[PDB]
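**Student:** Need coordinates for the following:
(3 chains)
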Amino acid sequence: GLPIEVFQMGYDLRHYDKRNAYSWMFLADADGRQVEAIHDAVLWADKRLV
Amino acid sequence: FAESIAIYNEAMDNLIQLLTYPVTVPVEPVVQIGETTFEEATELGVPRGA
Amino acid sequence: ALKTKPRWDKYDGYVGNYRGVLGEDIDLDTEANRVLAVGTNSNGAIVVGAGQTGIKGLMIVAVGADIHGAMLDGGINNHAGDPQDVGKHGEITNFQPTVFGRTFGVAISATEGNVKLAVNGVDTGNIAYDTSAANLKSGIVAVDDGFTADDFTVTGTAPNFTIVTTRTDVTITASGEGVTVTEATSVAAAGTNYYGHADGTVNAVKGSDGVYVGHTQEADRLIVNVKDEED
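**Tutor:** Numbering: from 1, shown residues only, chains lettered A, B, ... in the order given. Now the structure:
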C-alpha cells in the first residue's frame, strides 16, 4: 500500500486611496496646468506606492 | 614668433570650444516642486487631500 | 518649495460650522495661514481669541504669498467686515500649534557676582545673580536698541525665569558664563489634545483657560471637535 499528501499557498490583497479637493474660488481663478500637475503628482505617488 | 604663438593659439582654441557656448537666453529659471502620497483605504472614512 | 501651511482637509458647513464677519483686521505677518482659536464679540462678529462668548471654533485665514515670501494686503477675507468660515467639526492637515510673539527660558548657573545676557547680539552690561524679576526686565530694556518696557514681560522668583516678547524680532540669548537662554519652541505631537486660548493661540497645554479644540492622531493632522466655551 501507499501514502499521498499535498499543500497549497496564497497571496494578500489590500486597498489604497487618495483625495484631491478644490473650493469654488480656486476653480474660478486656477490655470488648468496647475490641476493637471496635481494629477501627475498623484500618478507619481501611485508608482512609488506599488 | 608666429609658430610659438600658433601652439598657444591652438591650446586656447581647443579649451574655448570645449568650455564655452553662446548665450541665446540671457536669464535662466530653476524651480522646486513638492510631492504627495497615497494612504491605506477604509470602508467608511475618506483620505486626505493633495 | 520650502514650506507647508495649515489647511482644512474636511470641512462640511451644513453641520455646526458657520459663516461670519471679521470684527477686526487679521495681522498677515502674525495670524494668516495659522490655526486661530476664535470667539464672537458683542456684535455678531468673529474675533481672534475669546470675545464676549468665549472660544466657539477654529479658523484658518488662507492667504497667498509671492515668491519673495510676502502676503498681499488686497485680500477679501482678512479685513474687518470681511466674511470668514469657522469650524467646529472637521480635519486640519499640515497642522501646527499657533503661538504669538517669542518666549525664552533663562536659568542662572552662577551663585556669585554677575552674568551677561544679549538682546539681538548687544549685551545687558551686568545682571547680578539672585535678581528680582523687575531687575531682570530692567536690564533687558536698558540696552540702546529702541525696544521698551511694553515689548517685554518677565516672570520668575528663582534661578529660573522666562522672558515673553510680543514682537517677533527680539532674540534674548546668553553671552557670558553663569547663565544660559533657551528659546521655547513649539511643534505638533502625535496623539495629543490641543486647546484654544483667550489669546487665540492653540497649544497642547491647558492653563487657567483652554477650551478643548481637538486631538492630532499623526502629528501633521488635527481632528477638530470643538467643545465650545460656556458661562
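**Student:** what's near enough to touch residue C:64?
**Tutor:** Residues near residue C:64 by C-beta atoms under 8 Å, 6 or more residues apart in numbering or on different chains: C:71, C:72. Bear in mind the C-beta positions are built from the backbone N, C-alpha and C, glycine included.
**Student:** Check residue C:221 too.
**Tutor:** B:48, C:9, C:91, C:92, C:93, C:95 are the contacts of residue C:221 under C-beta under 8 Å, 6+ apart.
**Student:** tell me the SS of the last one?
**Tutor:** Under the three-state scheme (DSSP: H, G, I helix; E, B strand; the rest coil), the conformation of residue C:95 reads as coil.
**Student:** What values do phi and psi take at it?
**Tutor:** phi -60, psi 140 (degrees, to the nearest 10).
**Student:** For burial, what's the neighbour tally of it?
**Tutor:** 25 (other C-beta atoms under 10 Å in any protein chain shown).
**Student:** what does the fifth one give?
**Tutor:** Look at residue C:93: counted by other C-beta under 10 Å, it has 17 neighbours.
**Student:** What helix or strand is the residue of chain C found nearest chain A located in?
**Tutor:** Relative to chain A, the nearest point of chain C is residue C:9 (7.9 Å; C-beta to the nearest C-beta). Using DSSP states H and E, residue C:9 sits in strand C:7-10.
**Student:** Can you give the contact residues for stretch C:179-187?
**Tutor:** C:96-97, C:99, C:102-110, C:115-117, C:127, C:162, C:171-174, C:203, C:219.
**Student:** What segments of the chain are strands?
**Tutor:** Assuming you mean chain A. A:16-17 (DSSP state E).
**Student:** You answered for a different chain; I wanted chain B.
**Tutor:** B:39-40.
**Student:** Show me which residues of it are close to chain C?
**Tutor:** B:32, B:33, B:34, B:46, B:48, B:49 (C-beta under 8 Å from any C-beta of the partner chain).
**Student:** Which of these sits closest to residue C:211?
**Tutor:** Comparing the residues of chain B next to chain C against residue C:211 with C-beta to C-beta places residue B:48 closest, at 25.8 Å.
**Student:** any idea which residue sits dead centre in chain B?
**Tutor:** When C-alpha atoms, centre = their mean is applied to chain B, the residue found nearest the centroid is residue B:30 (8.4 Å).
**Student:** For residue C:132, see how far away that one is.
**Tutor:** As for residue B:30, its distance to residue C:132 is 55 Å (criterion: C-beta to C-beta, to the nearest Å).
**Student:** Over to residue C:200?
**Tutor:** As defined by C-beta to C-beta, residue C:200 lies at a distance of 31 Å from residue C:132.
**Student:** Not counting its neighbours along the chain, what's nearest residue C:203?
**Tutor:** Computed as C-beta to C-beta, 6 or more residues apart in numbering or on different chains, the closest residue to residue C:203 that is not its neighbour in sequence is residue C:97, at 5.5 Å.
**Student:** Now do the contacts for that neighbour.
**Tutor:** Neighbours of residue C:97 in contact, by C-beta under 8 Å, 6+ apart: C:35, C:186, C:187, C:188, C:194, C:201, C:202, C:203, C:204.
**Student:** picking that back up, ok now the strand holding residue C:9, how far from the chain's centre?
**Tutor:** Relative to its chain's centre, strand C:7-10 lies at 21 Å (C-alpha atoms, centre = their mean, to the nearest Å).
**Student:** list the helices and strands the helix or strand just after that strand packs on?
**Tutor:** Sequence order places strand C:18-21 as the next helix or strand after strand C:7-10, per DSSP H and E. For strand C:18-21, the packing partners by 3 or more C-beta pairs under 8 Å, 6 or more residues apart in numbering or on different chains; DSSP states H and E come out as strand C:83-86.
**Student:** Mind checking if the strand it packs on is in reach of chain A?
**Tutor:** No - Strand C:83-86 lies out of reach of chain A by C-beta under 8 Å from any C-beta, never closer than 9.7 Å.
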